[PDB]
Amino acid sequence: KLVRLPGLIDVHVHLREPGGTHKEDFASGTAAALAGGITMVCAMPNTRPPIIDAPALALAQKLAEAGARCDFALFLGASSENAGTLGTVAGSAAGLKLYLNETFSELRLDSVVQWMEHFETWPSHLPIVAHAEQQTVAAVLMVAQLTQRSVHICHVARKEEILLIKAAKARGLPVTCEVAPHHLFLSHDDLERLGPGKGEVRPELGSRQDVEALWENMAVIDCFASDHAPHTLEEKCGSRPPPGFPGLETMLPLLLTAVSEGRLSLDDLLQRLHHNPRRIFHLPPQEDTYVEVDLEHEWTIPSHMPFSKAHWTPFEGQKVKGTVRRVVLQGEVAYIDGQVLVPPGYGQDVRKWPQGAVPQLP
């Protein structure tokens, strides 16, 4: 007996097109999404060229419309030069992404004043998300309060961060957050197995106490999001390993395993992979779209999942219970038992649908 789920949404993926297509492209990354039970993805802007201006967004839209197999929205990225210049295209994006720490990106902001300028100029009704670790969470929350608007914190990874967000929510501040599966299911204890190259990720893997704190504070976590960050094995194990893990194909099986163990409920999962992504990002419904999972099937994660071009996974060897059997997208069978059945280009930009625009005052 299969369980029917709505179409799940991952608000944090790196699909590497343009410019990094040996790592992933729209076609391979959205195949990975479908095989993970994900029917909508929000793609980050740290591509080559980065999606920091109208011409780059126009290019990315066409590459996505031609390559994506599931539906999508594209983030814009904040830069040191583009505040006040994105108003005409802002509403066509998933939101604005701020890179506030060191990671796999060149979108460097050198001053909190630049953060303030983005918060002041980006339309107030549209989402802002931030890569903000440790004290940077508190710093970006201050900027959000000074500018009287909301912020969403990407991949919360530490006890310190979840407790700070908890305290902010207790004060009624408009902050939401997401957590990635590696920060729930891996820790410092896995670094010996992974080694120092494969283990590179930002935020870094946390201690057992960090992991435990995230689980204990599940009520504070609004979304799960993979931070699917594919790089090839050669890159991960070479002389300058880039940070990041692939994760679209493993996220739902890991979480279903936790549901089966009673660590969270099916509802808790659906809030975090469907309803809260929709409401934070004003993402539209997908007609005739659903996912069928088999909660009884036990398997062990192999050395690489079938679709991501990363061709490796840090979850190798973990025993899971639960698998995606079938995905129906927009009335067509998109995935069945390892076979993707929709071509590149089947997916659409949800921000172009009338129901996908973010409502605003005239």
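When you see a residue number, it is the position in the sequence shown, counting from 1.
A.B. asks: For the stretches 10-18 and 340-348, which has the higher mean C-alpha B-factor as given in the deposited record?
C.D. replies: Stretch with the greater average CA B-factor: 340-348.
A.B. asks: I need to verify one thing: averaged over C-alpha atoms only, is the B-factor higher for 289-297 or for 32-40?
C.D. replies: It is 289-297.
A.B. asks: Checking the entry, which one of 184, 151, 73, 191 has the top C-alpha B factor?
C.D. replies: Among 184, 151, 73, 191, the PDB entry lists the largest C-alpha B-factor for 191.
A.B. asks: Out of 249, 261, 178, 133, whose C-alpha atom has the biggest B factor in the entry?
C.D. replies: Each of 249, 261, 178, 133 was compared by C-alpha B-factor; the highest is 261.
A.B. asks: Where does residue 167 sit by CA temperature factor within its chain: lowest, middle or highest third?
C.D. replies: Lowest third - that is where residue 167 ends up once the chain's C-alpha B-factors are sorted.
A.B. asks: Among the modelled residues of its chain, does the C-alpha B-factor of residue 45 lie in the lowest, middle or highest third?
C.D. replies: Lowest third, going by the recorded CA B-factors of the chain.
A.B. asks: Where does the C-alpha B-factor of residue 106 rank in its chain, lowest, middle or highest third?
C.D. replies: Residue 106: CA B-factor falls in the highest third of its chain.
A.B. asks: Quick check for you: using the entry's CA B-factors within this chain, is residue 91 in the lowest, middle or highest third?
C.D. replies: Its C-alpha B-factor, which the entry lists for residue 91, ranks in the middle third among residues of this chain.
A.B. asks: Which third, lowest, middle or highest, does the CA B-factor of residue 81 fall in along this chain?
C.D. replies: Highest third - that is where residue 81 ends up once the chain's C-alpha B-factors are sorted.
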